[PDB]
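Form deposited in one PDB entry, single chain, as structure tokens, below.
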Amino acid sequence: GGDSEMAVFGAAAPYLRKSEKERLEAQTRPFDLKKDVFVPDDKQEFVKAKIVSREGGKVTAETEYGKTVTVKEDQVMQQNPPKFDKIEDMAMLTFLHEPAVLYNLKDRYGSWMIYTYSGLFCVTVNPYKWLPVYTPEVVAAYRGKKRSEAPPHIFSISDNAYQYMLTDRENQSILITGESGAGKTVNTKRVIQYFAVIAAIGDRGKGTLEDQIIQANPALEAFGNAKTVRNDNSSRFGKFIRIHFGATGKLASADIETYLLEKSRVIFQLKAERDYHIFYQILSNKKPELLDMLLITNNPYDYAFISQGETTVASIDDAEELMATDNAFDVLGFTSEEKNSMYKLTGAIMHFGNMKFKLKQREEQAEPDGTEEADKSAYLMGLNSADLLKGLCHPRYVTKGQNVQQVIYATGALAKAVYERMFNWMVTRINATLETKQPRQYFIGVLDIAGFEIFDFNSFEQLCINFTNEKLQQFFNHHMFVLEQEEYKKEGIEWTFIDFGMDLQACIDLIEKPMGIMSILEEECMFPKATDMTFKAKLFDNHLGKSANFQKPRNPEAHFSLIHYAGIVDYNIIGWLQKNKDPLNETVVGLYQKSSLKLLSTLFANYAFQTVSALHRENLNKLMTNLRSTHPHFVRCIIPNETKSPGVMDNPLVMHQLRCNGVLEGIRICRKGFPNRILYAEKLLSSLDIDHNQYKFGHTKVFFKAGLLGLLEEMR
């Protein structure tokens, strides 16, 4: 029958492509081109409306949601015909404005169809519901197929990447970005799982490389993931996995790079948030020997660093995860000594935050107020209690005093530093397991980081990640430019414009260049006299006249605006110097270096310097060099709502993501050329009062400037 092309997907079909019956019925639905449109809306960005009247200047209409609106004609936007309902590749739409895109994804999502292409982009909308589309039957059905030969699916990106690698003898890249809760990690896991399922086996820790690559997740997640408002299993670090292959797709090796762990979370949680999972995994009591080994109770509320917000989360069984974490470490080849050391240090951070301090009666100086929790920290860290507390009270050379606030601050900074270093070391250790003697030719790199971030409060962390997405969006634009070029060249159309990647340089230069934002930040970090306001003066003095992308802040207090590709972002500048330098109590670091616990010693052997900014620049450069040696593939994750509600879509929220993630950006840059291209000659066009500069003739197709087809199918 008409659906025979879908038969191989079995029960997954209703979630991949709607049947031919539904297709032809949708096509007969009542549709007047002139009446059925999109207009702007206050509460819900855009809304499908039916035109009731014209003014001669304005238009009034009947809103979906049952309202009457009066708008300027300029604001009215045409709907795509029923022919285009739930289209699989949105580049094939006649009208490619904001509403057209939003509604095509909304109609797919309403129908439980989670995957859509938009030129190069695979777009994924979080279902918040398990769908039967990740079965062996679906895997079998994607093997060796081209994009156009199967409905949209994350499996298509995976299989094609693997196939491109073998066919073109070339590194591949899968960039999976989006907001917190969008689905980045779910899709990342599917992609890795897919390679492990299909990759060839190469010549002969525990089990197989496939086992080990996958078991890397439960290990990182315990220490790097946490409950946030947005996401029960939020990744609080960016991740880049290169899976290496040999000649015929033999799984050869893998390596993991992690970026910008959230040190703050170690010691602080907002009302509705938790610390990293591991703390609650250990406290679940599932492994009773750990409470005794860590000198700890089962009550998170006994521990100040980890109980400032939430403690439990219904979706997570912390006890089962502890066994998941521990198993992972076993599979990954970690020794008892190595596992116990990380548990000990986790426990030590727990006790560290319970050290209380008081003022000397006749002095403005801090002393310990009880020392039991200090004793437990020192024993676990292989340190001397007295030395530790001496160090914290009287940092040493010349000897400085400390009030309680200073010691409490120093305590928190040290705990964060220890946690961060442990996480890095763990990643380094997993890399040792994943290293093999097997021969490599190519890799496929999978990137899982948060996309572009515009919050109510934007600080240093936001600048860093927004800087990354600028380079990633440029990377996309450049790739898009090369493809559009090959295409105009192949079909024989002389086209001219500057590299699409260049459109992002001015912003990047402002951030990246010598005497740019990062450089000014790092130069100020050299001066002990420098302050937040001296830093803010220095940026302004260098840029407010000179760099168009640097502006006054629009009126939570912000200090300057950056014009990014994704919009104008206001930045708060308080604390950037400290964030960047991360000064520690050197006397206590000296003790860490001399610890009887091998791990602690290791974590501080190589110690200041390198600022957060310069480390970020070093990592981003490495990333970009890898990605540039690569055929890239682009996966855009979208979160549909704030309430975890399956099949429900908030329009302004999806619209915000589309503006920030490249989907609208890609549409915009293709608009510079001739986006609509249809296969068949020149006499018919020359026989119309139509604007003659709006079209060009190619070998296979005729190329149209956007809006010609709009006026062509209209006349039809």
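Just count from 1 along the sequence shown to find any residue number. Note that the rigid core is defined as the largest set of C-alphas that superpose within 1.5 Å between two forms.
Absent from the display: the form deposited in another entry. The rest refers to it.
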query	finding
Residue among 442, 240, 460, 276 whose Cα moves 2 Å or more between this form and the one not shown, once the rigid core is superposed	460
Residue 301 C-alpha relocation of at least 2 Å between this form and the one not shown, rigid core basis	no
Rigid core fit then residue 95 CA moved by 2 Å or more between this form and the one not shown	yes
Core-aligned C-alpha movement of residue 390 between this form and the one not shown reaching 2 Å	no
